[PDB]
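Student: Take this structure first; my questions come after.
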DNA sequence: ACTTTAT
DNA sequence: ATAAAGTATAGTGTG
Ligand SMILES: [Cl-]
Ligand SMILES: [Mg+2]
Ligand SMILES: [Mn+2]
Ligand code: NA
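Residue numbers (my numbering): 20 to 211.
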C-alpha cells in the first residue's frame, strides 16, 4: 500500500487558517471530535505564528529581522490508503504516527517539529505535522526542502517505515501525477 | 533564473 | 548598493 507524504508551504497569512482547522474554533463529524491527540510538548493556548517566530527570533544567528513572506513551517501530511488503517488497532495508531514524527526529528531536528495534530474526525486518520525549516542558524525552506531532498524523502521514509513492523511501498518513482485540491479531487470523482 | 525583502 | 531566501519540487488520495 502507498505511503502518503506531502508538505505545503506555510506563511503567516495562511497559518491563520491552517491553525483554524488544526484546532476547532464541514467534512467533519463533531461526534468523533475528541480522542484526537497532539504529539508535541507545545502549549495548547498559544498559536503557531507566535510559537515559531519567538522560537526562531531567540535562536537565529543573523540580526536581520524576519521577512514577511518567509516560510515559517511546512505542514507535512502523513496518511495512506484506507485498507492500511483497518489492519491497525488504537494503540498501533499512535505507534504509526509517532514513527512519522520521529523521521522528521531524526533527519531535520527535534524542536523543529512545531506541532503534530492527528485527525480522526475526517475521512482517513491523518496527521498534520508542521516542520520548521531551521538549520545552521538559518530559516530557509529553500535550503532544507529542495529538489534533491524531497526525492530522498519519497525513497527513504517508506523504507524507514518498513523497518518498524509496518508494510508499505514508496509512491511511484518519478510520478507524473499533479496535486488536486480537496475541492478538485472531490469533483475529479464526481465523473468517472 | 530571476525576483522580492531587509538590510 | 548586497544577498539570503521567496517562487517550484515530490508524492497519494476524499488532507
Ligand atoms: Cl468524516
Ligand atoms: Mg467514464
Ligand atoms: Mn485535517
Ligand atoms: Na518528474
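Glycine included, every Cβ here is placed at the ideal spot set by N, Cα and C.
1. At a cut-off of 7 Å, is residue 203 close to ligand 3 when judged by its beta-carbon and the heavy atoms of the ligand?
2. In three-state terms, what does DSSP make of residue 24?
3. If you check the beta carbons only, do residue 29 and residue 149 fall under 8 Å apart?
4. Could you check what DSSP says for residue 188 in three-state terms: helix, strand or coil?
5. Just grab the DSSP bridge partners of residue 98 for me.
6. Taking the alpha-carbon positions, what's the residue 36 to residue 25 distance?
7. Quick check: does the Cβ of residue 211 come within less than 7 Å of any heavy atom belonging to ligand 2?
8. Specify whether the region 61–76 and the region 130–138 touch according to this definition: at least 3 beta carbon pairs, one from each stretch, less than 8 Å apart.
9. Between the Cα of residue 64 and the Cα atoms of 181, 41 and 33, which residue gives the shortest distance?
Tutor: Taking the structure as given:
1. In this structure, residue 203 has its beta carbon at no less than 7 Å from each heavy atom of ligand 3.
2. strand
3. yes
4. strand
5. For residue 98, which the question treats as bridged, DSSP gives the partners 23.
6. 18 Å
7. yes
8. Cβ pair count under 8 Å is three or more, so yes.
9. Nearest option by C-alpha distance: 41.
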